[PDB]
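Peer 1: The file below is upload17.txt, compact mmCIF, C-alpha atoms and all ligand atoms:
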```
# COMPACT_ATOMS: atom_id res chain seq x y z
CA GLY D 5 25.31 -102.97 4.13
CA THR D 6 25.96 -99.30 5.00
CA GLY D 7 25.43 -95.96 3.19
CA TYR D 8 21.65 -96.06 3.51
CA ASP D 9 22.09 -92.31 4.09
CA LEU D 10 23.68 -91.34 0.75
CA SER D 11 20.66 -91.62 -1.57
CA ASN D 12 17.35 -89.94 -0.96
CA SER D 13 14.52 -92.41 -1.61
CA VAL D 14 16.23 -95.25 0.36
CA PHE D 15 14.94 -97.03 3.44
CA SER D 16 17.52 -97.97 6.08
CA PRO D 17 16.95 -101.32 7.80
CA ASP D 18 15.28 -99.63 10.77
CA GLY D 19 12.67 -98.18 8.36
CA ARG D 20 13.96 -94.65 7.93
CA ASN D 21 15.05 -92.24 5.34
CA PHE D 22 18.20 -90.75 6.53
CA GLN D 23 18.37 -87.92 3.96
CA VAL D 24 15.09 -86.54 5.31
CA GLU D 25 16.58 -86.79 8.74
CA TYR D 26 19.57 -84.86 7.67
CA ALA D 27 17.33 -82.22 6.16
CA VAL D 28 15.82 -81.80 9.60
CA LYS D 29 19.29 -80.84 10.81
CA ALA D 30 19.42 -78.03 8.30
CA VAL D 31 16.14 -76.91 9.88
CA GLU D 32 17.13 -77.33 13.54
CA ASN D 33 20.03 -75.17 12.49
CA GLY D 34 17.91 -72.28 11.16
CA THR D 35 16.48 -69.30 13.03
CA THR D 36 13.41 -69.41 15.18
CA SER D 37 9.92 -68.97 13.89
CA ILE D 38 6.46 -69.57 15.34
CA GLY D 39 2.73 -69.66 14.98
CA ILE D 40 -0.05 -68.93 17.43
CA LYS D 41 -3.67 -69.54 16.79
CA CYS D 42 -5.90 -66.98 18.41
CA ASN D 43 -9.69 -67.53 18.46
CA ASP D 44 -10.54 -65.82 15.17
CA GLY D 45 -7.16 -65.68 13.44
CA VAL D 46 -3.46 -66.55 13.56
CA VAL D 47 -0.16 -64.85 14.23
CA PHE D 48 3.24 -65.53 12.78
CA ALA D 49 6.58 -64.29 14.08
CA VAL D 50 10.22 -64.85 13.26
CA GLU D 51 13.72 -63.95 14.47
CA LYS D 52 15.82 -62.27 11.79
CA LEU D 53 19.47 -62.39 12.80
CA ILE D 54 21.47 -59.22 12.20
CA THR D 55 24.75 -60.31 10.59
CA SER D 56 26.07 -56.84 10.30
CA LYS D 57 25.07 -53.23 10.88
CA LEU D 58 25.12 -52.88 7.11
CA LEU D 59 21.77 -54.66 6.79
CA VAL D 60 18.94 -52.29 5.99
CA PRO D 61 16.57 -52.54 8.87
CA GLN D 62 12.97 -53.41 8.05
CA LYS D 63 13.94 -54.76 4.67
CA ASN D 64 14.68 -58.46 4.34
CA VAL D 65 11.27 -59.70 4.77
CA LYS D 66 10.98 -63.37 5.74
CA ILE D 67 7.25 -63.93 6.14
CA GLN D 68 5.49 -64.54 2.84
CA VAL D 69 1.81 -64.32 1.95
CA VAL D 70 -0.12 -66.78 -0.20
CA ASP D 71 -3.29 -65.81 -2.06
CA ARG D 72 -4.66 -63.06 0.14
CA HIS D 73 -5.49 -64.95 3.30
CA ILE D 74 -2.61 -67.26 4.10
CA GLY D 75 0.66 -66.53 5.84
CA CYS D 76 3.72 -68.78 5.72
CA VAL D 77 6.89 -68.54 7.70
CA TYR D 78 9.76 -70.98 7.76
CA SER D 79 13.01 -71.97 9.50
CA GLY D 80 15.95 -73.53 7.66
CA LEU D 81 17.21 -73.16 4.08
CA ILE D 82 15.51 -69.91 3.05
CA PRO D 83 15.67 -70.43 -0.67
CA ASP D 84 13.91 -73.84 -0.25
CA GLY D 85 11.20 -72.03 1.72
CA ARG D 86 10.66 -69.52 -1.06
CA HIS D 87 10.54 -72.30 -3.65
CA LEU D 88 7.88 -73.96 -1.59
CA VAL D 89 5.75 -70.82 -1.42
CA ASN D 90 6.02 -70.28 -5.14
CA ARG D 91 4.54 -73.69 -5.42
CA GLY D 92 1.88 -72.95 -2.87
CA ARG D 93 0.90 -69.86 -4.82
CA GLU D 94 0.45 -71.81 -8.08
CA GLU D 95 -1.45 -74.39 -6.16
CA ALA D 96 -3.82 -71.77 -4.62
CA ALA D 97 -4.34 -69.98 -7.98
CA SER D 98 -5.21 -73.20 -9.74
CA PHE D 99 -7.65 -74.14 -6.96
CA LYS D 100 -9.29 -70.76 -7.03
CA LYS D 101 -9.44 -70.53 -10.76
CA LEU D 102 -11.42 -73.73 -10.88
CA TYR D 103 -13.44 -73.63 -7.69
CA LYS D 104 -13.82 -69.83 -7.34
CA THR D 105 -13.53 -69.89 -3.62
CA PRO D 106 -10.11 -69.00 -2.12
CA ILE D 107 -8.37 -72.13 -1.01
CA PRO D 108 -9.40 -73.56 2.39
CA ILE D 109 -6.46 -73.86 4.75
CA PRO D 110 -6.56 -77.66 5.25
CA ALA D 111 -6.86 -78.10 1.49
CA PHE D 112 -3.83 -75.89 1.09
CA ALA D 113 -1.90 -77.79 3.75
CA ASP D 114 -2.31 -81.05 1.94
CA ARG D 115 -1.10 -79.36 -1.24
CA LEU D 116 2.18 -78.53 0.37
CA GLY D 117 2.18 -81.87 2.07
CA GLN D 118 1.95 -83.88 -1.10
CA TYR D 119 4.52 -81.78 -2.91
CA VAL D 120 6.96 -82.12 -0.03
CA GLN D 121 6.33 -85.85 0.35
CA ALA D 122 6.97 -86.04 -3.34
CA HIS D 123 10.61 -84.99 -2.76
CA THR D 124 11.20 -88.05 -0.58
CA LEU D 125 10.13 -90.50 -3.29
CA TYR D 126 13.05 -90.32 -5.73
CA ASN D 127 16.79 -90.24 -5.50
CA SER D 128 17.07 -87.58 -8.17
CA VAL D 129 15.80 -84.85 -5.93
CA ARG D 130 16.65 -83.62 -2.50
CA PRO D 131 14.16 -83.22 0.38
CA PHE D 132 13.13 -79.81 1.52
CA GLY D 133 15.44 -78.13 4.02
CA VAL D 134 12.68 -76.31 5.97
CA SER D 135 9.85 -76.59 8.44
CA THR D 136 7.05 -74.30 7.49
CA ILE D 137 4.47 -72.83 9.71
CA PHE D 138 1.44 -71.43 8.02
CA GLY D 139 -2.26 -70.82 8.14
CA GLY D 140 -5.05 -68.30 7.90
CA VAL D 141 -8.79 -67.80 7.95
CA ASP D 142 -11.17 -69.85 5.86
CA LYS D 143 -14.96 -70.17 6.12
CA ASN D 144 -14.61 -72.64 9.01
CA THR P 34 -13.85 -66.38 -28.92
CA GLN P 35 -14.92 -66.64 -32.55
CA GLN P 36 -18.27 -64.93 -32.24
CA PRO P 37 -19.63 -62.86 -29.34
CA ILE P 38 -22.79 -63.93 -27.57
CA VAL P 39 -23.76 -61.88 -24.52
CA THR P 40 -22.62 -58.35 -25.11
CA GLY P 41 -22.11 -55.01 -23.48
CA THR P 42 -22.43 -51.77 -25.39
CA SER P 43 -20.71 -48.44 -25.28
CA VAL P 44 -18.22 -47.40 -22.62
CA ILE P 45 -17.60 -43.65 -22.55
CA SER P 46 -15.03 -41.43 -20.91
CA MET P 47 -13.22 -38.15 -20.73
CA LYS P 48 -10.59 -36.46 -18.77
CA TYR P 49 -11.01 -33.15 -16.93
CA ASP P 50 -8.71 -30.88 -14.93
CA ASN P 51 -7.82 -33.30 -12.05
CA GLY P 52 -8.88 -36.72 -13.12
CA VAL P 53 -11.00 -38.76 -15.41
CA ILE P 54 -14.58 -39.91 -15.60
CA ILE P 55 -15.87 -43.06 -17.12
CA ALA P 56 -19.26 -44.64 -17.53
CA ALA P 57 -21.20 -47.65 -18.88
CA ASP P 58 -24.72 -49.05 -18.77
CA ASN P 59 -25.66 -52.10 -16.80
CA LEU P 60 -26.87 -54.33 -19.58
CA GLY P 61 -25.84 -57.64 -21.10
CA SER P 62 -27.78 -58.25 -24.31
CA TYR P 63 -28.15 -61.49 -26.17
CA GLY P 64 -28.61 -60.37 -29.73
CA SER P 65 -31.72 -58.20 -29.46
CA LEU P 66 -32.97 -59.84 -26.26
CA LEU P 67 -32.12 -57.47 -23.40
CA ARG P 68 -31.34 -60.36 -21.10
CA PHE P 69 -29.27 -59.37 -18.18
CA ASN P 70 -29.85 -56.18 -16.37
CA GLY P 71 -27.61 -56.24 -13.40
CA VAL P 72 -24.27 -56.19 -15.11
CA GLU P 73 -21.36 -54.15 -13.90
CA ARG P 74 -18.95 -53.30 -16.67
CA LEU P 75 -16.89 -50.88 -14.65
CA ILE P 76 -14.06 -52.70 -12.95
CA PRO P 77 -12.10 -50.76 -10.41
CA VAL P 78 -8.52 -51.89 -9.78
CA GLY P 79 -7.01 -50.45 -6.65
CA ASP P 80 -8.05 -46.90 -5.83
CA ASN P 81 -6.62 -45.21 -8.92
CA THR P 82 -7.90 -47.20 -11.88
CA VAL P 83 -11.15 -48.20 -13.42
CA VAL P 84 -11.31 -50.48 -16.39
CA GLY P 85 -14.44 -50.29 -18.48
CA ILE P 86 -15.38 -53.07 -20.87
CA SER P 87 -17.69 -53.66 -23.87
CA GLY P 88 -18.23 -56.60 -26.16
CA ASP P 89 -18.45 -60.24 -25.11
CA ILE P 90 -19.33 -60.60 -21.42
CA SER P 91 -17.86 -64.05 -20.93
CA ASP P 92 -14.56 -62.54 -21.97
CA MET P 93 -15.11 -59.53 -19.81
CA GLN P 94 -15.53 -61.89 -16.86
CA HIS P 95 -12.31 -63.60 -17.78
CA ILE P 96 -10.55 -60.24 -17.85
CA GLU P 97 -12.02 -59.36 -14.40
CA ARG P 98 -10.39 -62.51 -13.04
CA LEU P 99 -7.05 -61.62 -14.55
CA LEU P 100 -7.27 -58.26 -12.89
CA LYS P 101 -8.04 -59.67 -9.48
CA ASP P 102 -5.01 -61.88 -9.89
CA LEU P 103 -2.73 -59.18 -11.00
CA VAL P 104 -3.59 -57.32 -7.80
CA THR P 105 -2.97 -60.48 -5.77
CA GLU P 106 0.40 -61.17 -7.44
CA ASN P 107 1.67 -57.61 -7.19
CA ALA P 108 1.20 -57.95 -3.42
CA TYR P 109 3.53 -60.96 -3.25
CA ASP P 110 6.92 -60.20 -1.65
CA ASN P 111 6.03 -56.58 -1.98
CA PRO P 112 6.11 -54.61 1.21
CA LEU P 113 5.05 -51.54 -0.85
CA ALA P 114 1.94 -52.99 -2.49
CA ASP P 115 -0.20 -50.36 -0.79
CA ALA P 116 2.29 -47.53 -1.57
CA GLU P 117 5.08 -46.83 -4.08
CA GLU P 118 4.74 -50.24 -5.77
CA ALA P 119 0.97 -50.52 -6.13
CA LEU P 120 -0.38 -50.91 -9.62
CA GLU P 121 -0.58 -47.83 -11.87
CA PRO P 122 -3.10 -47.50 -14.70
CA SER P 123 -0.26 -47.43 -17.23
CA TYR P 124 0.80 -50.91 -16.08
CA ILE P 125 -2.64 -52.47 -16.11
CA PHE P 126 -3.13 -51.10 -19.56
CA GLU P 127 0.13 -52.34 -20.98
CA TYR P 128 -0.72 -55.73 -19.60
CA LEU P 129 -4.14 -55.81 -21.15
CA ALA P 130 -2.90 -54.46 -24.49
CA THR P 131 -0.29 -57.18 -24.45
CA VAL P 132 -2.82 -59.85 -23.87
CA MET P 133 -5.19 -58.59 -26.47
CA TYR P 134 -2.54 -58.37 -29.19
CA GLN P 135 -1.32 -61.77 -28.30
CA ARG P 136 -4.81 -63.33 -28.45
CA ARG P 137 -5.47 -61.67 -31.71
CA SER P 138 -2.21 -63.00 -32.99
CA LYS P 139 -3.32 -66.57 -32.22
CA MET P 140 -6.54 -65.95 -34.08
CA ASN P 141 -8.49 -66.33 -30.93
CA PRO P 142 -9.42 -62.92 -29.72
CA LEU P 143 -10.94 -61.57 -26.56
CA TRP P 144 -13.95 -60.01 -28.14
CA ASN P 145 -13.84 -56.70 -26.34
CA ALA P 146 -13.06 -53.09 -26.42
CA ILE P 147 -11.64 -51.75 -23.26
CA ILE P 148 -10.95 -48.35 -21.77
CA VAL P 149 -8.57 -47.92 -18.89
CA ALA P 150 -9.05 -44.73 -16.96
CA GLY P 151 -6.99 -43.56 -14.06
CA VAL P 152 -4.68 -41.22 -12.28
CA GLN P 153 -0.98 -41.94 -12.16
CA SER P 154 0.88 -41.68 -8.83
CA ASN P 155 2.60 -38.53 -10.22
CA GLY P 156 -0.85 -36.81 -10.52
CA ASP P 157 -1.28 -37.37 -14.33
CA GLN P 158 -4.46 -38.38 -16.02
CA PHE P 159 -4.42 -41.68 -17.83
CA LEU P 160 -6.88 -42.63 -20.58
CA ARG P 161 -6.14 -45.25 -23.19
CA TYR P 162 -8.11 -47.67 -25.31
CA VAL P 163 -7.37 -51.13 -26.56
CA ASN P 164 -9.56 -53.64 -28.35
CA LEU P 165 -9.76 -57.16 -29.78
CA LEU P 166 -7.22 -56.46 -32.51
CA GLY P 167 -4.74 -55.06 -30.03
CA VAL P 168 -5.21 -51.53 -31.38
CA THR P 169 -4.50 -48.69 -28.94
CA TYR P 170 -4.86 -44.96 -28.72
CA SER P 171 -5.33 -42.03 -26.44
CA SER P 172 -7.45 -38.93 -26.60
CA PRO P 173 -8.98 -36.41 -24.22
CA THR P 174 -12.19 -38.32 -24.96
CA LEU P 175 -12.70 -41.99 -25.72
CA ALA P 176 -15.70 -44.24 -26.27
CA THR P 177 -16.50 -47.65 -27.68
CA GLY P 178 -19.30 -48.86 -29.92
CA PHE P 179 -22.04 -46.32 -30.45
CA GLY P 180 -20.36 -43.94 -28.10
CA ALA P 181 -17.62 -43.39 -30.62
CA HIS P 182 -20.29 -42.11 -32.94
CA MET P 183 -22.53 -40.08 -30.62
CA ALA P 184 -20.68 -39.52 -27.38
CA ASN P 185 -17.39 -38.37 -28.70
CA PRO P 186 -18.98 -35.57 -30.69
CA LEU P 187 -20.52 -34.11 -27.53
CA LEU P 188 -17.59 -34.64 -25.24
CA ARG P 189 -15.31 -33.05 -27.78
CA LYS P 190 -17.41 -29.91 -27.62
CA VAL P 191 -16.12 -29.66 -24.03
CA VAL P 192 -12.49 -30.82 -24.56
CA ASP P 193 -11.67 -30.26 -28.20
CA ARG P 194 -7.95 -30.12 -27.35
CA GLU P 195 -5.26 -30.78 -24.79
CA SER P 196 -5.25 -27.18 -23.68
CA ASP P 197 -8.93 -27.47 -22.60
CA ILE P 198 -8.37 -30.22 -20.02
CA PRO P 199 -7.12 -27.82 -17.30
CA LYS P 200 -10.22 -25.63 -17.93
CA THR P 201 -12.71 -28.39 -17.52
CA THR P 202 -14.10 -28.97 -14.06
CA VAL P 203 -15.47 -32.16 -12.64
CA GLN P 204 -19.03 -30.69 -12.49
CA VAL P 205 -18.87 -29.85 -16.19
CA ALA P 206 -17.25 -33.09 -17.24
CA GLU P 207 -19.77 -35.13 -15.25
CA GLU P 208 -22.82 -33.33 -16.59
CA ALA P 209 -21.43 -33.87 -20.13
CA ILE P 210 -21.06 -37.56 -19.57
CA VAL P 211 -24.51 -37.93 -18.08
CA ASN P 212 -25.98 -36.16 -21.05
CA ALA P 213 -24.20 -38.49 -23.40
CA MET P 214 -25.65 -41.50 -21.62
CA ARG P 215 -29.09 -40.00 -22.19
CA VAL P 216 -28.35 -39.54 -25.83
CA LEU P 217 -27.22 -43.08 -26.21
CA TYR P 218 -30.34 -44.22 -24.37
CA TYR P 219 -32.43 -42.44 -26.90
CA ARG P 220 -30.60 -43.92 -29.89
CA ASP P 221 -28.74 -47.16 -29.19
CA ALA P 222 -31.20 -50.00 -29.40
CA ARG P 223 -28.79 -52.14 -27.31
CA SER P 224 -28.75 -49.80 -24.29
CA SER P 225 -30.19 -49.44 -20.87
CA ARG P 226 -31.57 -46.68 -18.72
CA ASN P 227 -29.47 -47.79 -15.72
CA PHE P 228 -25.83 -47.22 -15.58
CA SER P 229 -22.69 -46.90 -13.52
CA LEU P 230 -20.26 -44.01 -13.51
CA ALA P 231 -16.88 -43.59 -11.89
CA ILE P 232 -14.61 -40.65 -11.12
CA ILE P 233 -10.90 -40.80 -10.48
CA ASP P 234 -9.68 -37.53 -9.03
CA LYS P 235 -6.19 -36.90 -7.95
CA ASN P 236 -7.49 -35.33 -4.71
CA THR P 237 -10.81 -37.03 -3.88
CA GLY P 238 -9.54 -40.40 -5.24
CA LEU P 239 -11.97 -42.94 -6.61
CA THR P 240 -15.67 -42.18 -6.41
CA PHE P 241 -17.73 -45.04 -7.86
CA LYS P 242 -21.45 -44.45 -8.49
CA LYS P 243 -23.77 -47.34 -9.01
CA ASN P 244 -27.35 -47.36 -9.98
CA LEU P 245 -27.79 -44.16 -11.87
CA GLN P 246 -30.75 -43.68 -14.22
CA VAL P 247 -31.12 -41.44 -17.22
CA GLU P 248 -33.42 -38.59 -16.08
CA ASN P 249 -34.88 -35.40 -17.81
CA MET P 250 -35.96 -37.05 -20.94
CA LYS P 251 -38.03 -35.37 -23.59
CA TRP P 252 -40.83 -37.29 -25.17
CA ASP P 253 -43.87 -34.98 -25.02
CA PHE P 254 -43.45 -33.86 -28.61
CA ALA P 255 -44.19 -37.43 -29.62
CA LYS P 256 -47.91 -36.76 -29.03
CA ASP P 257 -48.09 -34.55 -32.14
CA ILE P 258 -46.50 -37.10 -34.48
CA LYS P 259 -49.28 -38.62 -36.54
CA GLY P 260 -48.74 -41.02 -39.39
CA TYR P 261 -45.73 -41.02 -41.64
CA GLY P 262 -46.73 -38.58 -44.36
CA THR P 263 -50.27 -37.42 -45.00
CA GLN P 264 -52.43 -38.78 -42.16
CA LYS P 265 -53.66 -35.88 -39.89
CA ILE P 266 -55.36 -37.78 -36.97
MG MG E 1 -16.41 -55.25 -30.02
MG MG E 2 3.52 -59.39 -11.54
MG MG E 3 1.32 -62.29 -20.97
MG MG E 4 -40.60 -32.07 -25.30
```
Could you express the structure from this file as structure tokens?

Peer 2:
Amino acid sequence: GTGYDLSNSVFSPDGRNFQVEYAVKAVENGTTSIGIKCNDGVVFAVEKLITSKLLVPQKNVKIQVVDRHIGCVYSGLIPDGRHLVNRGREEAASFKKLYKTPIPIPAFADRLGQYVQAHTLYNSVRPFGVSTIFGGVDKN
Amino acid sequence: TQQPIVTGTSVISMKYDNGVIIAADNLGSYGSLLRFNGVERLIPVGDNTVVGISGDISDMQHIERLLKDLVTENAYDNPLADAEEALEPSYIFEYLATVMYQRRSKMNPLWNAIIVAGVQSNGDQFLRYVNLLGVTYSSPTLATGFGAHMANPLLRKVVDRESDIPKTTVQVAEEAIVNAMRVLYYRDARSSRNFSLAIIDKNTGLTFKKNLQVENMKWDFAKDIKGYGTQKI
């Protein structure tokens, strides 16, 4: 057979999911973004390309905050990134509503994890077109 | 909630030349048991709004949590959360009044009466009331519970009309409010000596004062009250 790369939940015969792999290309193709852990915090940074002089400087903000204590930044398909944060924000609100304490960063990572992994399970959705760098300060 | 359990009494408030003042005792009662003494019913929201709450405390605590989360959400994708697009009083109020009317309309009310006090980014005083039925109104003075009956009368002696608000200083307004708390202490069986008071001034900003006590009480005369009619000793 061929065309193992046309449908999203499908394993090729080498064990791979080509649509996820192709999503990585959309990411490799995006602008640069990074994270640096310092020894009581973290720092996020990102290159915003200037298409035109007509852009308003300062004003097309690409780093997004979650809850009060978490920063996310992402490279790739920007709308997919935003969608993912909107999810992350519901996920943090639900966690905090029930458990009171603002969501611990590892806990929050696995929330995004599971949701993203979830879009590689079915052929009726498309995998996320972003790599996301995020983090913050929890009680550990 | 279909019947309130732990309850807070009167919130009182008035507006003066540059801001507003609002106050409330630190008690949660359980019927006639004065159960919880360390209860803050003033809820500041940003640095330009204080929301004061009476009625059911479990519902108050729910409303607190909604307010925290409104602040959190307004910050999202909002470079001007700390500036031109922070929350105004008028917004927090509309939101609460919406929620109240909605909960009433599903026969499942939040068993509260709330007063939102603040100063609007354009300098203006804000003071509005909403309660469990979704009913709203504004006045130079506002109070819930007993306060409507005893505090308003006194605070209206200071600001009887709109035109008096410019004339009323923050020293005068504050002394008026403190006196009202003393009156309610004397006469509301569901009230406490300890209270909190907050000022929102368009120049000094938000001053929040915890742990006040009613002082300068008169009781001495009580020593000459003997019997209920004809007993002399
Ligand atoms: Mg009530
Ligand atoms: Mg909002
Ligand atoms: Mg609503
Ligand atoms: Mg005396």

Peer 1: At a cut-off of 12 Å, which residues of chain D touch chain P? Count all atoms listed in the file and give the answer as a ChimeraX atom specification.

Peer 2: /D:62-76,86,89-90,93-94,96-98,100-102,104,106

Peer 1: Could you give me, as a Markdown table, a per-residue list for chain P showing, wherever an atom lies at most 10 Å from an atom of ligand MG 1 (chain E), the closest pair of atoms and their distance in Å to one decimal, using all atoms listed in the file and sorting by chain then residue number from low to high?

Peer 2:
```
| residue | atom | partner | partner_atom | distance |
| --- | --- | --- | --- | --- |
| P:37 | CA | E:MG1 | MG | 8.3 |
| P:40 | CA | E:MG1 | MG | 8.5 |
| P:41 | CA | E:MG1 | MG | 8.7 |
| P:42 | CA | E:MG1 | MG | 8.4 |
| P:43 | CA | E:MG1 | MG | 9.3 |
| P:86 | CA | E:MG1 | MG | 9.5 |
| P:87 | CA | E:MG1 | MG | 6.5 |
| P:88 | CA | E:MG1 | MG | 4.5 |
| P:89 | CA | E:MG1 | MG | 7.3 |
| P:143 | CA | E:MG1 | MG | 9.0 |
| P:144 | CA | E:MG1 | MG | 5.7 |
| P:145 | CA | E:MG1 | MG | 4.7 |
| P:146 | CA | E:MG1 | MG | 5.4 |
| P:147 | CA | E:MG1 | MG | 9.0 |
| P:164 | CA | E:MG1 | MG | 7.2 |
| P:165 | CA | E:MG1 | MG | 6.9 |
| P:166 | CA | E:MG1 | MG | 9.6 |
| P:177 | CA | E:MG1 | MG | 8.0 |
| P:178 | CA | E:MG1 | MG | 7.0 |
```

Peer 1: Could you tell me, as a list in words, which residues have any atom at most 6 Å from (-32.1, -42.9, -19.4), counting only C-alpha atoms?

Peer 2: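 With a cut-off of 6 Å, the residues come to residues 215, 218, 226, 246, 247 and 248 of chain P.
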
Peer 1: Please extract the residues at most 12 Å from ligand MG 3 (chain E), counting only C-alpha atoms and all ligand atoms, and provide them as a PyMOL selection string, using the chain letters and residue numbers of this document.

Peer 2: chain P and resi 99+103+125+127-136

Peer 1: Dump as a list in words all residues having an atom at most 7 Å from (-26.9, -62.8, -25.2), computed in the file's coordinates with all atoms listed in the file.

Peer 2: residues 38, 39, 40, 61, 62, 63, 64, 66 and 68 of chain P

Peer 1: With C-alpha atoms retained, could you export that selection as a short mmCIF file (atom, residue, chain, number, x, y, z; two decimals), in the coordinates of the input?

Peer 2:
```
data_model
loop_
_atom_site.label_atom_id
_atom_site.label_comp_id
_atom_site.auth_asym_id
_atom_site.auth_seq_id
_atom_site.Cartn_x
_atom_site.Cartn_y
_atom_site.Cartn_z
CA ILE P 38 -22.79 -63.93 -27.57
CA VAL P 39 -23.76 -61.88 -24.52
CA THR P 40 -22.62 -58.35 -25.11
CA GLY P 61 -25.84 -57.64 -21.10
CA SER P 62 -27.78 -58.25 -24.31
CA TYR P 63 -28.15 -61.49 -26.17
CA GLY P 64 -28.61 -60.37 -29.73
CA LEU P 66 -32.97 -59.84 -26.26
CA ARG P 68 -31.34 -60.36 -21.10
#
```

Peer 1: Name the closest residue to ligand MG 4 (chain E) among the candidates P:261, P:51, P:256, P:65; distances are taken between atoms, counting only C-alpha atoms and all ligand atoms.

Peer 2: P:256

Peer 1: List as a PyMOL selection string the protein and nucleic acid residues lying within 8 Å of ligand MG 4 (chain E), with only C-alpha atoms and all ligand atoms counted.

Peer 2: chain P and resi 251-255

Peer 1: Calculate how many Å separate atom MG of ligand MG 2 (chain E) from CA of residue 87 in chain D, rounding to one decimal.

Peer 2: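 Going from atom MG of ligand MG 2 (chain E) over to CA of residue 87 in chain D covers 16.7 Å.
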
Peer 1: Mind giving me the straight-line distance from CA of residue 108 in chain D to CA of residue 140 in chain D in Å, one decimal?

Peer 2: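 Atom-to-atom, CA of residue 108 in chain D to CA of residue 140 in chain D, that is 8.8 Å.
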
Peer 1: What lies within 12 Å of range 16-24 of chain D using only C-alpha atoms, ignoring chain neighbours under 5 positions off, as a ChimeraX atom specification?

Peer 2: /D:5-11,29-31,120-127,129-135

Peer 1: Using all atoms listed in the file, pick whichever of D:116, D:141, D:38, D:111 has the shortest atom-to-atom distance to residue 92 in chain D.

Peer 2: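 Under the stated criterion, the closest residue is D:116.
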
Peer 1: Quick one: pull the distance between CA of residue 78 in chain P and CA of residue 173 in chain P, Å, one decimal.

Peer 2: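 Atom-to-atom, CA of residue 78 in chain P and CA of residue 173 in chain P are spaced 21.2 Å apart.
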
Peer 1: Do a neighbour search on residue 174 in chain P at 7 Å with only C-alpha atoms, toss out local chain neighbours closer than 6 positions, and write the hits as number ranges by chain.

Peer 2: P: 46-48, 185, 188-189

Peer 1: Would you please work out which residue, of P:240, P:204, P:138, P:107, is nearest to ligand MG 2 (chain E) when using all atoms listed in the file?

Peer 2: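 Smallest separation from ligand MG 2 (chain E) among the options: P:107.
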
Peer 1: I'd like the neighbourhood of residue 41 in chain D as a PDB file with C-alpha atoms, in the frame of the given file, where a residue qualifies if any of its atoms comes within 9 Å (using only C-alpha atoms), though same-chain residues fewer than 6 positions away should be ignored.

Peer 2:
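Below is the file around.pdb, written as the result:
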```pdb
ATOM      1  CA  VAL D  47      -0.160 -64.850  14.230  1.00  0.00           C
ATOM      2  CA  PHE D  48       3.240 -65.530  12.780  1.00  0.00           C
ATOM      3  CA  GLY D 139      -2.260 -70.820   8.140  1.00  0.00           C
TER       4      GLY D 139
END
```

Peer 1: Which neighbours of range 195-197 of chain P fall inside 9 Å, counting all atoms listed in the file, when residues of the same chain fewer than 6 positions from it are skipped, and could you give them as number ranges by chain?

Peer 2: P: 49-50, 172-173

Peer 1: Store the residues picked out above in a file with C-alpha atoms, as a PDB file, in the coordinates of the input.

Peer 2:
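This went into again_4.pdb:
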```
ATOM      1  CA  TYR P  49     -11.010 -33.150 -16.930  1.00  0.00           C
ATOM      2  CA  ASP P  50      -8.710 -30.880 -14.930  1.00  0.00           C
ATOM      3  CA  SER P 172      -7.450 -38.930 -26.600  1.00  0.00           C
ATOM      4  CA  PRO P 173      -8.980 -36.410 -24.220  1.00  0.00           C
TER       5      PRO P 173
END
```

Peer 1: Nearest to residue 137 in chain D: which of D:25, D:61, D:46, D:39 is it, counting all atoms listed in the file?

Peer 2: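 Using all atoms listed in the file, residue 137 in chain D sits closest to D:39.
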
Peer 1: Tell me which of P:120, P:77, P:228, P:238 sits closest to ligand MG 2 (chain E), counting only C-alpha atoms and all ligand atoms.

Peer 2: P:120
